[PDB]
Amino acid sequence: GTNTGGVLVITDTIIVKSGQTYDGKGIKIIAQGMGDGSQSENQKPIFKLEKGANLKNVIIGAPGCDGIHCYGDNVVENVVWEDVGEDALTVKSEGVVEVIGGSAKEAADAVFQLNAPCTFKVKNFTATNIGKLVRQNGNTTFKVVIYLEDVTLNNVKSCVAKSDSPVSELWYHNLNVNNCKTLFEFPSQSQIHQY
């Protein structure tokens, strides 16, 4: 992309409005004053994607802070997290959220955090050195449906995906996992399906 080689240093969350597409054209973003990328829960998101907002073609440098907050009906395309912060992307409100392309590395805990009922799809994605790829918020029992399609994972220190919800489901297709003791931590393994 034509912003490749540039570094945008920001000091507040970038809000992408409903109906908008933020296209970074390959820019690298470094956030300052928004978090250190540790496990502290009080960091700011790099991006807030309002319902029906899209994001594409961004590299998020360290510190990853609180990553991308999605409010539903969002396409997140070609986003690279060089160093995931507290988490990489959080679904904050109901809708369909797509992560297509890109990659993530160095997530101490979760990459994707699902805090509202949603349909969540990860497609054509790589992640390395992570605690979990997907976590439905603990002890919640609303329904999420997760799809992992063409996803390649390496060095997964807890599990691919974890939910405490019996009604939630995970579907996978062309999933490749290296160095994970425990793929799925759901109430029953019958909640996990191939397609």
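One rule holds for the numbers: they count along the sequence shown, beginning at 1.
Chemist: Quick check: 36 to 44 versus 130 to 138, which has the larger average CA B-factor in the record?
Modeler: So the stretch with the higher mean C-alpha B-factor is 36 to 44.
Chemist: Please work out which of 161 to 169 and 49 to 57 has the higher mean CA B-factor as recorded in the PDB entry.
Modeler: If you average the C-alpha B-factors of 161 to 169 and of 49 to 57, the larger mean comes out for 49 to 57.
Chemist: Report the third (lowest, middle or highest) to which the CA temperature factor of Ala31 belongs, ranking only the modelled residues of the same chain.
Modeler: Highest third.
Chemist: With respect to C-alpha B-factor, does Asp87 fall in the lowest, middle or highest third of the chain as deposited?
Modeler: Lowest third of the chain for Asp87's C-alpha B-factor.
Chemist: Sorting the chain's CA B-factors, does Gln189 end up in the lowest, middle or highest third?
Modeler: Middle third.
Chemist: Would you mind checking where the Cα B-factor of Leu183 ranks among the modelled residues of its chain, as the lowest, middle or highest third?
Modeler: Middle third - that is where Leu183 ends up once the chain's C-alpha B-factors are sorted.
Chemist: Going by what the PDB entry lists, where does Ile100 fall on CA B-factor within its chain: lowest, middle or highest third?
Modeler: Within its chain, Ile100 is a middle-third residue by C-alpha B-factor, going by the deposited values.
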